[PDB]
$ cat upload-v1.cif   # mmCIF, C-alpha atoms
data_upload
loop_
_atom_site.label_atom_id
_atom_site.label_comp_id
_atom_site.auth_asym_id
_atom_site.auth_seq_id
_atom_site.Cartn_x
_atom_site.Cartn_y
_atom_site.Cartn_z
CA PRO P 1044 -79.60 26.82 -26.45
CA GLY P 1045 -78.10 26.31 -23.02
CA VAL P 1046 -77.02 29.95 -22.74
CA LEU P 1047 -78.44 31.74 -19.71
CA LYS P 1048 -76.78 35.15 -19.99
CA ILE P 1049 -74.29 37.04 -22.16
CA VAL P 1050 -72.29 40.10 -21.11
CA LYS P 1051 -70.39 42.01 -23.79
CA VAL P 1052 -67.71 44.54 -22.83
CA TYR P 1053 -66.21 47.01 -25.31
CA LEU P 1054 -62.65 48.22 -24.69
CA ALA P 1055 -61.10 51.27 -26.33
CA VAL P 1056 -57.31 51.03 -26.72
CA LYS P 1057 -55.12 53.93 -27.83
CA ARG P 1058 -52.22 52.50 -29.83
CA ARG P 1059 -49.22 54.76 -30.40
CA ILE P 1060 -46.57 54.34 -33.08
CA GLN P 1061 -43.64 52.17 -32.02
CA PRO P 1062 -40.76 50.23 -33.59
CA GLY P 1063 -42.15 47.30 -35.54
CA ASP P 1064 -45.15 49.13 -36.99
CA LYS P 1065 -45.61 49.15 -40.76
CA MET P 1066 -45.75 52.49 -42.57
CA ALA P 1067 -46.22 53.18 -46.26
CA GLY P 1068 -46.89 55.82 -48.86
CA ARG P 1069 -48.97 55.48 -52.01
CA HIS P 1070 -46.16 54.29 -54.31
CA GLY P 1071 -45.34 50.88 -52.84
CA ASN P 1072 -42.78 52.39 -50.44
CA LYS P 1073 -43.49 50.26 -47.39
CA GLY P 1074 -41.34 49.75 -44.34
CA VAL P 1075 -41.07 49.08 -40.63
CA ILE P 1076 -40.12 51.65 -38.00
CA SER P 1077 -36.68 50.90 -36.58
CA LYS P 1078 -36.09 53.69 -34.07
CA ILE P 1079 -37.93 56.58 -32.44
CA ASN P 1080 -35.24 59.25 -32.61
CA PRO P 1081 -34.97 62.24 -30.25
CA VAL P 1082 -35.69 65.58 -31.87
CA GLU P 1083 -32.20 66.94 -31.13
CA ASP P 1084 -30.67 64.03 -33.09
CA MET P 1085 -32.60 64.47 -36.25
CA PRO P 1086 -31.40 66.34 -39.34
CA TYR P 1087 -32.48 69.98 -39.41
CA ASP P 1088 -32.38 72.87 -41.84
CA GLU P 1089 -30.90 76.37 -41.55
CA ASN P 1090 -34.07 77.56 -39.79
CA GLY P 1091 -33.79 74.90 -37.07
CA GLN P 1092 -36.70 72.80 -38.28
CA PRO P 1093 -36.02 69.06 -37.90
CA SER Z 4 -2.96 85.62 -25.39
CA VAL Z 5 -2.83 82.02 -26.62
CA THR Z 6 -3.58 80.16 -23.38
CA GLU Z 7 -6.33 82.58 -22.25
CA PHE Z 8 -9.65 82.77 -24.09
CA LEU Z 9 -12.37 85.42 -24.17
CA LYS Z 10 -15.54 84.42 -22.36
CA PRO Z 11 -18.83 85.19 -24.14
CA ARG Z 12 -21.43 87.46 -22.59
CA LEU Z 13 -25.16 87.99 -23.13
CA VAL Z 14 -25.14 91.17 -25.18
CA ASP Z 15 -28.65 91.31 -26.67
CA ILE Z 16 -32.10 89.77 -26.19
CA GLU Z 17 -34.63 90.51 -28.94
CA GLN Z 18 -38.26 89.54 -28.30
CA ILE Z 19 -39.86 89.31 -31.74
CA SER Z 20 -43.12 88.02 -30.26
CA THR Z 21 -44.36 86.31 -27.12
CA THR Z 22 -43.24 82.94 -28.54
CA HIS Z 23 -40.14 83.98 -30.52
CA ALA Z 24 -36.83 85.46 -29.39
CA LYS Z 25 -33.23 86.00 -30.45
CA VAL Z 26 -30.35 85.83 -27.97
CA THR Z 27 -26.87 87.05 -28.89
CA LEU Z 28 -23.67 85.85 -27.19
CA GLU Z 29 -20.46 87.77 -27.84
CA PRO Z 30 -17.45 87.48 -28.05
CA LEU Z 31 -16.61 83.92 -29.10
CA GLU Z 32 -13.28 82.64 -30.38
CA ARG Z 33 -12.78 80.48 -33.45
CA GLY Z 34 -14.80 77.26 -33.41
CA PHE Z 35 -16.36 77.98 -30.03
CA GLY Z 36 -19.49 79.44 -31.58
CA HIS Z 37 -20.41 76.15 -33.24
CA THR Z 38 -19.45 74.08 -30.18
CA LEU Z 39 -21.53 76.18 -27.78
CA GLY Z 40 -24.38 76.49 -30.28
CA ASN Z 41 -24.73 72.75 -30.77
CA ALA Z 42 -24.39 72.01 -27.05
CA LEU Z 43 -26.98 74.64 -26.12
CA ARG Z 44 -29.36 73.49 -28.86
CA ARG Z 45 -29.20 69.88 -27.73
CA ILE Z 46 -29.70 70.81 -24.07
CA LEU Z 47 -32.50 73.30 -24.78
CA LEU Z 48 -34.43 70.93 -27.05
CA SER Z 49 -34.29 68.07 -24.56
CA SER Z 50 -34.01 69.11 -20.91
CA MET Z 51 -35.97 72.29 -20.23
CA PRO Z 52 -38.47 72.32 -17.35
CA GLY Z 53 -42.05 73.38 -17.86
CA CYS Z 54 -45.66 73.05 -16.76
CA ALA Z 55 -48.31 70.94 -18.45
CA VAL Z 56 -51.87 69.74 -18.01
CA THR Z 57 -51.96 66.21 -16.59
CA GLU Z 58 -55.48 65.54 -15.28
CA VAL Z 59 -58.91 66.79 -16.34
CA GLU Z 60 -62.24 66.27 -14.57
CA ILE Z 61 -65.37 67.26 -16.52
CA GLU Z 62 -68.76 67.01 -14.84
CA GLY Z 63 -70.95 64.25 -16.21
CA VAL Z 64 -68.12 62.67 -18.22
CA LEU Z 65 -66.86 59.14 -17.56
CA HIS Z 66 -64.27 58.70 -20.34
CA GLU Z 67 -62.82 60.44 -23.38
CA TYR Z 68 -64.74 58.38 -25.95
CA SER Z 69 -68.04 60.15 -25.37
CA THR Z 70 -69.96 63.33 -26.18
CA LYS Z 71 -71.50 66.12 -24.14
CA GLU Z 72 -74.74 67.87 -25.04
CA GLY Z 73 -74.27 71.32 -26.52
CA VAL Z 74 -70.54 70.78 -27.17
CA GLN Z 75 -69.44 70.35 -30.77
CA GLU Z 76 -66.15 68.66 -29.88
CA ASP Z 77 -65.78 65.23 -28.35
CA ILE Z 78 -64.03 64.90 -25.00
CA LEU Z 79 -60.99 63.45 -26.79
CA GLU Z 80 -60.70 66.59 -28.92
CA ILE Z 81 -61.13 68.76 -25.81
CA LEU Z 82 -58.25 66.93 -24.12
CA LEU Z 83 -56.15 67.36 -27.27
CA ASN Z 84 -56.93 71.09 -27.20
CA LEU Z 85 -55.98 71.26 -23.52
CA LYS Z 86 -52.62 69.70 -24.37
CA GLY Z 87 -51.80 72.99 -26.10
CA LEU Z 88 -52.34 75.15 -23.02
CA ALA Z 89 -49.40 77.40 -22.12
CA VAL Z 90 -49.35 77.77 -18.33
CA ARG Z 91 -46.71 79.46 -16.16
CA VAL Z 92 -46.84 78.37 -12.51
CA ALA Z 93 -45.17 80.45 -9.81
CA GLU Z 94 -41.95 79.09 -8.36
CA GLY Z 95 -42.33 76.80 -5.36
CA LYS Z 96 -45.43 75.02 -6.70
CA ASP Z 97 -45.13 71.80 -8.70
CA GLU Z 98 -48.92 71.31 -8.79
CA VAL Z 99 -51.96 73.53 -9.24
CA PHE Z 100 -55.69 73.19 -9.92
CA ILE Z 101 -57.53 75.58 -12.23
CA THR Z 102 -61.21 75.69 -13.14
CA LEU Z 103 -63.17 76.37 -16.32
CA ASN Z 104 -66.90 77.10 -16.06
CA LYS Z 105 -68.77 78.52 -19.04
CA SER Z 106 -72.38 78.55 -20.21
CA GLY Z 107 -73.95 79.82 -23.41
CA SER Z 108 -73.11 79.63 -27.09
CA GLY Z 109 -69.60 80.60 -28.12
CA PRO Z 110 -65.99 79.42 -28.24
CA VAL Z 111 -64.73 78.45 -24.80
CA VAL Z 112 -61.12 79.66 -24.74
CA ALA Z 113 -58.22 79.72 -22.28
CA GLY Z 114 -59.07 83.24 -21.09
CA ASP Z 115 -62.18 81.83 -19.38
CA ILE Z 116 -60.15 79.80 -16.86
CA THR Z 117 -60.31 80.83 -13.21
CA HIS Z 118 -56.90 80.74 -11.52
CA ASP Z 119 -55.70 81.74 -8.06
CA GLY Z 120 -53.05 84.26 -9.14
CA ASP Z 121 -50.11 81.85 -8.97
CA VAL Z 122 -50.97 80.72 -12.52
CA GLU Z 123 -50.50 82.77 -15.69
CA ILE Z 124 -52.13 81.80 -18.98
CA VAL Z 125 -49.88 82.87 -21.84
CA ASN Z 126 -52.30 82.21 -24.75
CA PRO Z 127 -55.78 83.37 -23.68
CA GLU Z 128 -56.98 83.13 -27.30
CA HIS Z 129 -56.39 79.36 -27.37
CA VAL Z 130 -59.70 77.68 -28.19
CA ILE Z 131 -60.58 74.74 -25.96
CA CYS Z 132 -64.11 73.96 -27.16
CA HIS Z 133 -67.30 75.34 -28.70
CA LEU Z 134 -70.70 75.53 -26.99
CA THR Z 135 -73.38 75.36 -29.67
CA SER Z 136 -76.51 75.89 -27.54
CA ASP Z 137 -77.78 78.54 -25.16
CA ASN Z 138 -78.59 75.79 -22.65
CA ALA Z 139 -75.09 74.30 -22.99
CA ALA Z 140 -72.71 74.45 -20.03
CA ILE Z 141 -69.20 73.16 -19.35
CA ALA Z 142 -67.39 72.77 -16.02
CA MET Z 143 -63.88 71.31 -15.94
CA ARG Z 144 -61.28 70.99 -13.18
CA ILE Z 145 -57.79 70.96 -14.72
CA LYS Z 146 -54.60 69.82 -13.00
CA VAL Z 147 -51.28 71.39 -14.03
CA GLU Z 148 -47.95 69.91 -12.95
CA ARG Z 149 -44.32 70.94 -13.29
CA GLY Z 150 -41.95 68.52 -14.95
CA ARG Z 151 -39.40 67.91 -17.66
CA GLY Z 152 -39.64 66.03 -20.94
CA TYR Z 153 -42.50 63.90 -22.25
CA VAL Z 154 -44.44 61.77 -19.76
CA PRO Z 155 -47.28 59.81 -21.38
CA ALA Z 156 -50.26 58.72 -19.32
CA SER Z 157 -49.34 55.04 -19.66
CA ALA Z 158 -45.82 55.62 -18.32
CA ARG Z 159 -47.15 57.13 -15.09
CA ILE Z 160 -46.72 54.75 -12.15
CA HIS Z 161 -49.97 53.37 -10.74
CA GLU Z 166 -56.84 54.70 -6.50
CA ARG Z 167 -58.19 56.83 -9.36
CA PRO Z 168 -61.93 57.64 -9.38
CA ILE Z 169 -63.82 57.17 -12.62
CA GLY Z 170 -64.12 60.52 -14.37
CA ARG Z 171 -60.54 61.63 -13.86
CA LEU Z 172 -58.95 61.72 -17.32
CA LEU Z 173 -55.20 61.43 -17.81
CA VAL Z 174 -53.55 63.66 -20.42
CA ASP Z 175 -50.17 63.03 -22.03
CA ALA Z 176 -47.81 65.75 -20.82
CA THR Z 177 -45.17 67.51 -22.92
CA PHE Z 178 -43.43 69.58 -20.27
CA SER Z 179 -40.70 71.09 -22.45
CA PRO Z 180 -41.63 74.67 -23.42
CA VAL Z 181 -39.03 74.84 -26.20
CA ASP Z 182 -40.34 73.96 -29.66
CA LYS Z 183 -37.70 75.11 -32.15
CA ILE Z 184 -34.06 76.17 -31.78
CA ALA Z 185 -31.80 77.58 -34.48
CA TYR Z 186 -28.37 79.13 -34.15
CA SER Z 187 -25.95 81.02 -36.37
CA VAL Z 188 -22.33 82.11 -35.98
CA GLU Z 189 -21.55 85.45 -37.64
CA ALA Z 190 -18.59 87.81 -37.58
CA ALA Z 191 -18.12 90.07 -34.57
CA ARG Z 192 -16.57 93.55 -34.64
CA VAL Z 193 -14.55 93.63 -31.41
CA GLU Z 194 -11.73 96.14 -30.86
CA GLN Z 195 -9.21 95.35 -33.60
CA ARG Z 196 -9.28 91.55 -33.85
CA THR Z 197 -11.10 89.77 -36.66
CA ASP Z 198 -11.07 86.17 -35.38
CA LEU Z 199 -13.92 86.66 -32.90
CA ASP Z 200 -17.45 85.51 -33.62
CA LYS Z 201 -21.02 86.16 -32.49
CA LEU Z 202 -23.59 83.46 -31.68
CA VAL Z 203 -27.27 84.19 -32.38
CA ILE Z 204 -29.78 81.70 -30.97
CA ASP Z 205 -33.33 81.82 -32.31
CA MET Z 206 -35.82 80.28 -29.87
CA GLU Z 207 -39.46 79.51 -30.65
CA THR Z 208 -41.27 78.41 -27.49
CA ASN Z 209 -44.80 78.51 -26.05
CA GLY Z 210 -44.09 81.71 -24.10
CA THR Z 211 -43.75 80.04 -20.70
CA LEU Z 212 -39.95 80.25 -20.38
CA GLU Z 213 -37.89 83.41 -20.71
CA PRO Z 214 -34.95 83.35 -23.15
CA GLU Z 215 -32.27 84.40 -20.66
CA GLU Z 216 -33.49 81.89 -18.08
CA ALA Z 217 -33.40 79.16 -20.73
CA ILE Z 218 -29.83 80.03 -21.73
CA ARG Z 219 -28.62 80.04 -18.12
CA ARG Z 220 -30.38 76.75 -17.36
CA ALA Z 221 -28.78 75.09 -20.39
CA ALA Z 222 -25.38 76.47 -19.37
CA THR Z 223 -25.86 75.23 -15.81
CA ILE Z 224 -26.70 71.73 -17.03
CA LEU Z 225 -23.67 71.72 -19.33
CA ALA Z 226 -21.31 72.88 -16.57
CA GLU Z 227 -22.66 70.36 -14.06
CA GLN Z 228 -22.18 67.54 -16.56
CA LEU Z 229 -18.67 68.76 -17.42
CA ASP Z 230 -17.66 68.72 -13.74
CA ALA Z 231 -17.15 64.95 -13.99
CA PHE Z 232 -14.53 65.46 -16.70
CA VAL Z 233 -12.98 68.41 -14.85
CA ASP Z 234 -12.44 66.02 -11.93
CA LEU Z 235 -11.54 62.88 -13.88
CA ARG Z 236 -10.94 59.95 -11.53
CA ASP Z 237 -11.90 56.31 -11.16
CA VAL Z 238 -15.25 56.07 -9.37
CA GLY F 846 -75.66 23.57 -12.11
CA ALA F 847 -76.10 27.00 -13.64
CA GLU F 848 -73.15 29.34 -14.03
CA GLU F 849 -73.66 32.59 -12.13
CA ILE F 850 -72.37 36.08 -12.87
CA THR F 851 -71.47 37.61 -9.51
CA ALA F 852 -68.79 39.51 -7.62
CA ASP F 853 -68.25 36.59 -5.19
CA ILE F 854 -65.07 35.26 -6.81
CA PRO F 855 -63.17 32.74 -4.64
CA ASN F 856 -59.46 33.28 -3.97
CA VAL F 857 -59.61 36.89 -5.22
CA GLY F 858 -59.15 39.86 -2.92
CA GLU F 859 -60.89 43.22 -2.80
CA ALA F 860 -58.17 44.72 -5.02
CA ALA F 861 -59.57 43.06 -8.15
CA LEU F 862 -63.22 43.73 -7.21
CA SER F 863 -62.82 47.52 -7.05
CA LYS F 864 -63.87 48.03 -10.67
CA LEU F 865 -66.80 45.60 -10.39
CA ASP F 866 -70.29 46.53 -9.25
CA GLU F 867 -72.71 44.51 -7.13
CA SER F 868 -73.79 42.48 -10.16
CA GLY F 869 -70.17 41.59 -10.93
CA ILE F 870 -69.79 43.66 -14.11
CA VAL F 871 -67.14 46.32 -14.65
CA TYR F 872 -68.13 49.99 -14.54
CA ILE F 873 -68.34 52.07 -17.70
CA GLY F 874 -65.27 54.27 -17.85
CA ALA F 875 -63.05 51.91 -15.85
CA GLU F 876 -59.39 51.97 -16.84
CA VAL F 877 -58.30 48.33 -16.98
CA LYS F 878 -55.01 46.53 -17.56
CA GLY F 879 -54.08 42.95 -18.41
CA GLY F 880 -55.55 40.30 -16.15
CA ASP F 881 -58.19 42.58 -14.64
CA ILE F 882 -61.63 41.08 -14.10
CA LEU F 883 -64.35 42.50 -16.36
CA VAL F 884 -67.26 40.12 -15.67
CA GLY F 885 -67.07 37.78 -12.68
CA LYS F 886 -68.38 34.26 -13.18
CA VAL F 887 -68.29 31.07 -11.11
CA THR F 888 -68.82 27.58 -12.54
CA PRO F 889 -69.92 24.67 -10.32
CA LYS F 890 -67.28 21.94 -10.07
CA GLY F 891 -67.51 18.29 -9.14
CA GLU F 892 -65.83 16.36 -6.37
CA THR F 893 -62.05 16.58 -6.72
CA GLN F 894 -59.71 13.94 -5.33
#

$ encode --input "upload-v1.cif" --output "structure tokens"
Amino acid sequence: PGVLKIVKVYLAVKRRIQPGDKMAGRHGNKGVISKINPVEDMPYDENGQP
Amino acid sequence: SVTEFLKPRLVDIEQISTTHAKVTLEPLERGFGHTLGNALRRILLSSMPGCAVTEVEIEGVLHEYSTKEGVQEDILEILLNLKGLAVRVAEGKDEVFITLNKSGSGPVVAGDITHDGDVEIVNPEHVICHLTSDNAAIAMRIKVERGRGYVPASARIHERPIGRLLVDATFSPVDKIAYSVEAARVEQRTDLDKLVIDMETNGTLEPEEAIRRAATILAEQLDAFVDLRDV
Amino acid sequence: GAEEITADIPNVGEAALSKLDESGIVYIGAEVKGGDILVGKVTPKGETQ
């Protein structure tokens, strides 16, 4: 009662991973992302795969 | 002698496939193989120019979170597929428009794109979408820009008509870099070494050009130390 | 009075009305950021000293 019109708007937001987001496995290993490291700074194997 | 070193040269380029190569630098003195290898790997993996899809316009489509009749993939999945397009744009152009029109059932791939001859598609077998009906048709206008690094759509500085879809751009053509330092058989000395760089890219950038661009960046950044002064 | 949904928003320029239609409702497919007007509405107000 008293409502003349309703307009509903649906917004789609793409959320990317960032420091502060919570990530976990299936064994209770939870954590928060601290840094988004560049690829050249990450540990890599003998085949160059980081 | 002791004060004079031996400068490496490009002695071999092996092209295993269109997206895999080995580049051999020889001769290298003791310790210089690892120094140059790490420097070149860090420069190649971070600061190589390339060309990437940035804008897509599909007829009858207003946003990515929608469907098109006769197309099995959503528009979001089509944009994700277009992110994997390997495009080489002729020097002097930092922007190009290519078109993709296709009707009838079948996989719509990169080899169906119409380009003006200044654009080369390196992976024509790359699948962009699937048309599941004989009445189905697709017509996209794709924008390809030159750049360096990773420029997401949000980070682009801000009119844009509704229908134009922004695509996150990964301009760097280099995907994986490995390097090894092995023994070199030069004249009579045994202290020299050989650097082998394994490059896995998307086929857009040549190996030799990549090596020279990395070396140019390294030399330009070292110039500040070579001319050390208070600025 | 009755609140009205319209594009006639006082003290707002044509920059913020670009994404609105004649009825004052945002277009479908409009890329919007914080503070952008989605539905324009005006409420009658009384006498103000």

$ interface_residues --input "upload-v1.cif" --of "chain F" --to "chain P" --cutoff "10 Å" --atoms "all atoms listed in the file" --output "short mmCIF file (atom, residue, chain, number, x, y, z; two decimals) with C-alpha atoms, in the coordinates of the input"
data_model
loop_
_atom_site.label_atom_id
_atom_site.label_comp_id
_atom_site.auth_asym_id
_atom_site.auth_seq_id
_atom_site.Cartn_x
_atom_site.Cartn_y
_atom_site.Cartn_z
CA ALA F 847 -76.10 27.00 -13.64
CA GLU F 848 -73.15 29.34 -14.03
CA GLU F 849 -73.66 32.59 -12.13
CA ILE F 850 -72.37 36.08 -12.87
CA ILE F 870 -69.79 43.66 -14.11
CA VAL F 871 -67.14 46.32 -14.65
CA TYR F 872 -68.13 49.99 -14.54
CA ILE F 873 -68.34 52.07 -17.70
CA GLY F 874 -65.27 54.27 -17.85
CA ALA F 875 -63.05 51.91 -15.85
CA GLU F 876 -59.39 51.97 -16.84
CA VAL F 877 -58.30 48.33 -16.98
CA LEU F 883 -64.35 42.50 -16.36
CA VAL F 884 -67.26 40.12 -15.67
#

$ residues_around --input "upload-v1.cif" --residues "residue 852 in chain F" --least-positions-apart "5" --cutoff "9 Å" --atoms "only C-alpha atoms" --output "list in words"
residues 862, 865, 866, 867, 868, 869, 870, 884, 885 and 886 of chain F

$ residues_around --input "upload-v1.cif" --residues "residue 8 in chain Z" --least-positions-apart "2" --cutoff "10 Å" --atoms "all atoms listed in the file" --output "mmCIF file with C-alpha atoms, keeping the file's coordinate frame"
data_model
loop_
_atom_site.group_PDB
_atom_site.id
_atom_site.type_symbol
_atom_site.label_atom_id
_atom_site.label_comp_id
_atom_site.auth_asym_id
_atom_site.auth_seq_id
_atom_site.Cartn_x
_atom_site.Cartn_y
_atom_site.Cartn_z
ATOM 1 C CA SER Z 4 -2.960 85.620 -25.390
ATOM 2 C CA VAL Z 5 -2.830 82.020 -26.620
ATOM 3 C CA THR Z 6 -3.580 80.160 -23.380
ATOM 4 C CA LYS Z 10 -15.540 84.420 -22.360
ATOM 5 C CA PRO Z 11 -18.830 85.190 -24.140
ATOM 6 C CA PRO Z 30 -17.450 87.480 -28.050
ATOM 7 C CA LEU Z 31 -16.610 83.920 -29.100
ATOM 8 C CA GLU Z 32 -13.280 82.640 -30.380
#

$ resolve_selection --input "upload-v1.cif" --expression "the PyMOL selection byres ((chain P) within 9 of (chain Z))" --output "list in words"
residues 1055, 1081, 1082, 1083, 1084, 1088, 1089, 1090, 1091, 1092 and 1093 of chain P

$ residues_around --input "upload-v1.cif" --residues "residue 98 in chain Z" --least-positions-apart "5" --cutoff "12 Å" --atoms "only C-alpha atoms" --output "VMD selection string"
chain Z and resid 53 to 58 90 to 93 121 to 122 145 to 150

$ write_last_selection --input "upload-v1.cif" --atoms "C-alpha atoms" --output "PDB file, keeping the file's coordinate frame"
ATOM      1  CA  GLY Z  53     -42.050  73.380 -17.860  1.00  0.00           C
ATOM      2  CA  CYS Z  54     -45.660  73.050 -16.760  1.00  0.00           C
ATOM      3  CA  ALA Z  55     -48.310  70.940 -18.450  1.00  0.00           C
ATOM      4  CA  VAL Z  56     -51.870  69.740 -18.010  1.00  0.00           C
ATOM      5  CA  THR Z  57     -51.960  66.210 -16.590  1.00  0.00           C
ATOM      6  CA  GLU Z  58     -55.480  65.540 -15.280  1.00  0.00           C
ATOM      7  CA  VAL Z  90     -49.350  77.770 -18.330  1.00  0.00           C
ATOM      8  CA  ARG Z  91     -46.710  79.460 -16.160  1.00  0.00           C
ATOM      9  CA  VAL Z  92     -46.840  78.370 -12.510  1.00  0.00           C
ATOM     10  CA  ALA Z  93     -45.170  80.450  -9.810  1.00  0.00           C
ATOM     11  CA  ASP Z 121     -50.110  81.850  -8.970  1.00  0.00           C
ATOM     12  CA  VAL Z 122     -50.970  80.720 -12.520  1.00  0.00           C
ATOM     13  CA  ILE Z 145     -57.790  70.960 -14.720  1.00  0.00           C
ATOM     14  CA  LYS Z 146     -54.600  69.820 -13.000  1.00  0.00           C
ATOM     15  CA  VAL Z 147     -51.280  71.390 -14.030  1.00  0.00           C
ATOM     16  CA  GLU Z 148     -47.950  69.910 -12.950  1.00  0.00           C
ATOM     17  CA  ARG Z 149     -44.320  70.940 -13.290  1.00  0.00           C
ATOM     18  CA  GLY Z 150     -41.950  68.520 -14.950  1.00  0.00           C
TER      19      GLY Z 150
END

$ interface_residues --input "upload-v1.cif" --of "chain Z" --to "chain F" --cutoff "8 Å" --atoms "only C-alpha atoms" --output "list in words"
residues 65, 66, 169 and 170 of chain Z

$ residues_near_point --input "upload-v1.cif" --point "(-46.7, 81.5, -23.7)" --cutoff "7 Å" --atoms "only C-alpha atoms" --output "ChimeraX atom specification"
/Z:21-22,89,125-126,209-211

$ resolve_selection --input "upload-v1.cif" --expression "the PyMOL selection byres ((chain Z and resi 130) around 12)" --output "ChimeraX atom specification"
/Z:76,80-89,109-116,126-129,131-134

$ residues_around --input "upload-v1.cif" --residues "residue 1061 in chain P" --least-positions-apart "3" --cutoff "12 Å" --atoms "all atoms listed in the file" --output "VMD selection string"
chain P and resid 1058 1064 to 1066 1075 to 1080

$ resolve_selection --input "upload-v1.cif" --expression "the PyMOL selection byres ((chain Z and resi 14) around 6)" --output "CSV table (one decimal) with C-alpha atoms, in the frame of the given file"
chain,number,residue,atom,x,y,z
Z,12,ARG,CA,-21.4,87.5,-22.6
Z,13,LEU,CA,-25.2,88.0,-23.1
Z,15,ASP,CA,-28.6,91.3,-26.7
Z,27,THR,CA,-26.9,87.0,-28.9
Z,28,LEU,CA,-23.7,85.8,-27.2

$ atom_distance --input "upload-v1.cif" --atom1 "CA of residue 43 in chain Z" --atom2 "CA of residue 1087 in chain P"
15.1 Å

$ atom_distance --input "upload-v1.cif" --atom1 "CA of residue 212 in chain Z" --atom2 "CA of residue 180 in chain Z"
6.6 Å

$ atom_distance --input "upload-v1.cif" --atom1 "CA of residue 138 in chain Z" --atom2 "CA of residue 73 in chain Z"
7.3 Å

$ axis_aligned_box --input "upload-v1.cif" --around "range 879-894 of chain F" --padding-each-side "5 Å" --output "lines of an AutoDock Vina configuration file"
center_x = -62.0
center_y = 28.4
center_z = -11.9
size_x = 25.8
size_y = 39.0
size_z = 23.1

$ residues_around --input "upload-v1.cif" --residues "residue 228 in chain Z" --least-positions-apart "6" --cutoff "12 Å" --atoms "only C-alpha atoms" --output "MDAnalysis selection string"
chainID Z and resid 42 46 221:222 234:235

$ build_atoms --input "upload-v1.cif" --residues "range 846-857 of chain F" --atoms "N, CA, C and O atoms" --output "CSV table (one decimal), in the frame of the given file"
chain,number,residue,atom,x,y,z
F,846,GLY,N,-74.8,22.5,-12.5
F,846,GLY,CA,-75.7,23.6,-12.1
F,846,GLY,C,-75.6,24.7,-13.1
F,846,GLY,O,-75.0,24.5,-14.2
F,847,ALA,N,-76.1,25.8,-12.8
F,847,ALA,CA,-76.1,27.0,-13.6
F,847,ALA,C,-75.0,27.9,-13.3
F,847,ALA,O,-74.8,28.3,-12.1
F,848,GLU,N,-74.2,28.4,-14.3
F,848,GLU,CA,-73.2,29.3,-14.0
F,848,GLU,C,-73.7,30.7,-13.7
F,848,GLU,O,-74.7,31.1,-14.2
F,849,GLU,N,-73.1,31.4,-12.7
F,849,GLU,CA,-73.7,32.6,-12.1
F,849,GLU,C,-72.7,33.7,-12.3
F,849,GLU,O,-71.5,33.6,-12.1
F,850,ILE,N,-73.2,34.9,-12.7
F,850,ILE,CA,-72.4,36.1,-12.9
F,850,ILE,C,-72.5,36.9,-11.6
F,850,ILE,O,-73.6,37.3,-11.2
F,851,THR,N,-71.4,37.0,-10.8
F,851,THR,CA,-71.5,37.6,-9.5
F,851,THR,C,-70.1,38.1,-9.2
F,851,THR,O,-69.1,37.8,-9.8
F,852,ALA,N,-70.0,39.0,-8.1
F,852,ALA,CA,-68.8,39.5,-7.6
F,852,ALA,C,-68.1,38.6,-6.6
F,852,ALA,O,-67.1,39.0,-6.0
F,853,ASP,N,-68.8,37.5,-6.2
F,853,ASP,CA,-68.2,36.6,-5.2
F,853,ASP,C,-67.3,35.6,-5.9
F,853,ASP,O,-67.7,34.5,-6.2
F,854,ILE,N,-66.1,36.1,-6.1
F,854,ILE,CA,-65.1,35.3,-6.8
F,854,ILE,C,-64.1,34.7,-5.8
F,854,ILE,O,-63.5,35.4,-5.0
F,855,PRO,N,-64.1,33.3,-5.6
F,855,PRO,CA,-63.2,32.7,-4.6
F,855,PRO,C,-61.7,33.0,-4.9
F,855,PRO,O,-61.3,33.2,-6.1
F,856,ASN,N,-60.9,33.1,-3.9
F,856,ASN,CA,-59.5,33.3,-4.0
F,856,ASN,C,-59.1,34.6,-4.7
F,856,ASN,O,-58.0,34.6,-5.3
F,857,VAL,N,-59.9,35.6,-4.6
F,857,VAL,CA,-59.6,36.9,-5.2
F,857,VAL,C,-59.9,38.0,-4.2
F,857,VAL,O,-61.1,38.0,-3.7
